[PDB]
Structures are given as structure tokens and as C-alpha cells.
Amino acid sequence: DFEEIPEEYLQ
Amino acid sequence: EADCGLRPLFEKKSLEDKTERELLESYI
Amino acid sequence: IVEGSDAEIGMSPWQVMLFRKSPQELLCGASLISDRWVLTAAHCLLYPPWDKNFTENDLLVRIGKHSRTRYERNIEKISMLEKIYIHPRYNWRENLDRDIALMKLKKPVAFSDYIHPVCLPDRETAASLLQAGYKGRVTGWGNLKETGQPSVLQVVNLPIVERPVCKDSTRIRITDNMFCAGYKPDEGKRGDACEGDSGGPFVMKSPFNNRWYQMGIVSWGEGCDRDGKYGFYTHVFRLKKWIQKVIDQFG
Ligand SMILES: C[n+]1ccccc1CNC(=O)[C@@H]1CCCN1C(=O)[C@H](N)Cc1ccccc1
Ligand SMILES: *[C@@H]1O[C@H](CO)[C@@H](O)[C@H](O)[C@H]1NC(C)=O
Ligand code: NA
Ligand code: NA
Numbered sequence: 062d063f064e065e066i067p068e069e070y071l072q
Numbered sequence: 333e334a335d336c337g338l339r340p341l342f343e344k345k346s347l348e349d350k351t352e353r354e355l356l357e358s359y360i
Numbered sequence: 364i365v366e367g368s369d370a371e372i373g374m375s376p377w378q379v380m381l382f383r384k385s386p387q388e389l390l391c392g393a394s395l396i397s398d399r400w401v402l403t404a405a406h407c408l409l410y411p412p413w414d415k416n417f418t419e420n421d422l423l424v425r426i427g428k429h430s431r432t433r434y435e436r437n438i439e440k441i442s443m444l445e446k447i448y449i450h451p452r453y454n455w456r457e458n459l460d461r462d463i464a465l466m467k468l469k470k471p472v473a474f475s476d477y478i479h480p481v482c483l484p485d486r487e488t489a490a491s492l493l494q495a496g497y498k499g500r501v502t503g504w505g506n507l508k509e510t518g519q520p521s522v523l524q525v526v527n528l529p530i531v532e533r534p535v536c537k538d539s540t541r542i543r544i545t546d547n548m549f550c551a552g553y554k555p556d557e558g559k560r561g562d563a564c565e566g567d568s569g570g571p572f573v574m575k576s577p578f579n580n581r582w583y584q585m586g587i588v589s590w591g592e593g594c595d596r597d598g599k600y601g602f603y604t605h606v607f608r609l610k611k612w613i614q615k616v617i618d619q620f621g
């Protein structure tokens, strides 16, 4: 249900 | 921090939020 | 938050969302206490009865938020965790005694109109403000009812309750490291924290210096907003020596 967050924060 | 607890959009500009007065009134 | 209202923009700029990386979901609330430190409930990170034991790499903190689900481009800031510190005497086995944890951020967060730290109380402000009938404010993105979810940050103001009334409302053993808050059945008004609000702040605005202080951390309750029940909060001042020890040693 959450909008995707920038990939930079998932690395 | 020296500036802790002072909100930029409220205390810093002398604006009050809609319900903070309810807190103040309870502090007897 | 049950029976609260939408926060105003910038109303709670110390509000932090603890966010699970995978799957992406709300984990808990938390609060910003400096540019590098975030305060939350220990049970948000460690709760063996529910197989909960998060490590630093499992989570993110999202700061400056208002919308629950949106990525608030140009407003929120997302931080990785360097280290988690849980109170060494946190009692997850029985009653959540000492339900407190700190998270150190990998990099300092930049303050803005939407991001700003809350004060921690000293002995004097705690003595002055932690009195039955005095109201604090609880904020979070948790459920709107016990048994749905908000578009934006919710806020509710609630009175601190007399210790004997807290004790008499539950079979759980209460300790000096907790206080309870909420309206009594005869008071008419209502409101409570609920699932997802855990770890968020209970704040009071000192009438002596007009600053906001975090007096509590959303800890536990039996259901949400039930008549004759109250929300229980970690007593931040009582545990401040530990907070300062951690920050002094690892800061
Ligand atoms: C549900 N709730 C209501 C009000 C405030 C905060 C919360 C969220 N807290 C919780 O859900 C916490 C986490 C573990 C069980 N729990 C609870 O609140 C339990 N319902 C009661 C409990 C308290 C202490 C030890 C064991 C069980
Ligand atoms: C939780 O995880 C850590 C390792 O990351 C482990 O050492 C610990 O024993 C686990 N259980 C706890 C703290 O109850
Ligand atoms: Na009791
Ligand atoms: Na209640």
C-alpha cells in the first residue's frame, strides 16, 4: 500500500 | 540541542497549533 | 491513533516512521532527539513472543513525513541505521518494563521546517508536568480502530491518569518506568494509541519555557480505546540516565 521509495535507500 | 522542542512552523514564528491550548489549560 | 485528528503540517517535526525494507510496510513510530539519534520502544525492534528481532539492515527511518503511504519528495528524508541499542533490562518476557531503544543514524539528518528534534525532560520539568490530569499529545500513523488506516499523521491529546487508577485497570504488573494516559469512561471524550503507533512520542509543551518535551513512548495497551482501559507509556525521564550513557559512549 506504500508508494515505492527511491532505490538509493534500498541499497 | 539548544533549539530542541521549538517547531519551525509554530514556536519559531509565534504561531499556535489548533489544540495546544487544550494542553496549556490542563496545566493547573 | 483512535479518535484523533489529522496533524497540521509541521505540527510534530520530530515524528519518525520506522519502515521495514522488505516487505515495505510501517513498523512503528519513533522520535528525533538530535541530528543523529532516534528514540523508540524496544518492542518495535525486539519481541521474541512474536518472532520479532530486527537488525539494523532490516529497517529505514523516514523523517519529516505527513502522508502515511506517499513518498513525500523534497520533504521527507530517509536514513539508514548505524546501530540499535536496546535497554539491557528491557523486560519482554513479562510486562514491557523499560520499553526503550535508541537508533543511531549512519549520517546526520538535515533539519528543516518539517524535521526538528524534540527535547528530553530533566528532573524538574518531569516533576512539574507528569501529574494526573495534565495532558500530553500522542501522534502516529497506526490504526484508526482496534478492529482502518489513516491517509496522514494523526494526533490526539490525552490526560495523564492517577497511578492507582492505571494499576486497577489491568492485571499486568505496572512499574515506576511506566505511566498511563487516557480518558475515563465518565469523562466522555476518548482517544488512544493503537497498532502501528508503538514507539511514537507522548509530548508535553512546557508552560515555563514554551518548548516541547517527550515525556513518554507509546508502549502497550489492552486493545485500543476501550472503556476502562488506558494506554501505557515508557517513562522517558526515569530512563534518561541510560539514554545519556548510550549517547555519551557511542555518540
Ligand atoms: C496495542 N497498543 C495499545 C496502546 C498502546 C500501544 C499498543 C501497542 N503495543 C503492543 O501491542 C504491545 C507489544 C507486545 C504486546 N503489547 C500489548 O500492548 C499487549 N496487548 C499487552 C501486553 C503488555 C505487556 C506485555 C505483554 C502484553
Ligand atoms: C536477536 O538477534 C541477535 C543477533 O542479531 C542475537 O544475538 C540475539 O540472541 C537475538 N535474540 C535476542 C536478543 O533475544
Ligand atoms: Na491491577
Ligand atoms: Na480507554
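Chains as they are written, first to last, in full-length UniProt numbering: chain A, 62 to 72; chain B, 333 to 360; chain C, 364 to 510, 518 to 621. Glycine included, every Cβ here is placed at the ideal spot set by N, Cα and C.
- By the 16-neighbour rule on beta-carbons within 10 angstroms, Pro571/C is buried.
- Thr432, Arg433, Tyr434 and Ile441: these are the residues of the segment 430–463 of chain C whose beta carbon lies less than 7 Å from some beta carbon of chain A, given in chain order.
- Legend: CB atoms of the segment 521–545 of chain C lying less than 8 Å from CB atoms of chain B belong to residues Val525, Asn527 and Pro529.
- Between the beta-carbon of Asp462/C and that of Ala405/C there is about 5 Å, and that keeps the pair under the 8 Å contact cut.
- In this structure, ligand 3 has no non-hydrogen atom nearer than 8 Å to the beta-carbon of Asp460/C.
- At a cut-off of 9 Å, the C-beta of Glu68/A has no neighbouring C-beta in chain C.
- DSSP places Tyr477/C outside both helix and strand once states are collapsed to three, so it counts as coil.
- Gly503/C is a Cβ neighbour of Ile364/C, given a cutoff of 9 Å.
- Close to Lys384/C, with beta-carbon spacing below 8 Å, are these residues of chain A in chain order: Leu71.
- If you draw a straight line from the Cα of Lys575/C to the Cα of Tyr553/C, it comes to about 19 Å.
- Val616/C: member of the alpha helix (DSSP H) spanning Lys610 to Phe620, first to last residue.
- Boundaries of the alpha helix (DSSP H) around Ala489/C: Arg486 to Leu492.
- Inclusion of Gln584/C and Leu523/C in the CB contact set at 9 Å is not warranted, their separation being larger than that value.
- Against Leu465/C, chain A offers no close residue; the least beta-carbon distance is about 21 Å (beta-carbon pairs closer than 7 Å).
- Against chain B, the beta carbon of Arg500/C has neighbours under 7 Å at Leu355, listed in chain order.
- Under the Cβ criterion of 9 Å, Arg486/C is not counted among the residues facing chain B.
- In the three-state scheme derived from DSSP, where H, G and I count as helix and E and B as strand, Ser430/C is classed as strand.
- Secondary structure at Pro571/C: strand, using DSSP grouped into helix, strand and coil.
- Per the Cβ contact rule, the segment 333–344 of chain B is in contact with the segment 372–385 of chain C (3 or more Cβ pairs under 8 Å).
- Taking the Cα of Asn579/C as reference, the smallest distance to any Cα among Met466/C, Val526/C and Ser491/C is reached at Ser491/C.
- When rounded, the separation of the alpha-carbon atoms in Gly561/C and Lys470/C is 36 Å.
- A distance filter of 6 Å between CB atoms and the heavy atoms of ligand 4 selects the following residues in sequence order: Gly552/C, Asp562/C, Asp595/C, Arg596/C, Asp597/C, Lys599/C and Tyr600/C.
- The straight-line gap separating the alpha-carbon atoms of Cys391/C and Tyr70/A is approximately 18 Å.
- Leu389/C belongs to the set of residues whose beta carbon lies under 9 Å from a beta carbon in chain A.
- Identification of chain A residues near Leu423/C by a Cβ-Cβ cut-off of 7 Å yields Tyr70, ordered along the chain.
- In this structure, DSSP gives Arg533/C a helical state, which the three-state scheme calls helix.
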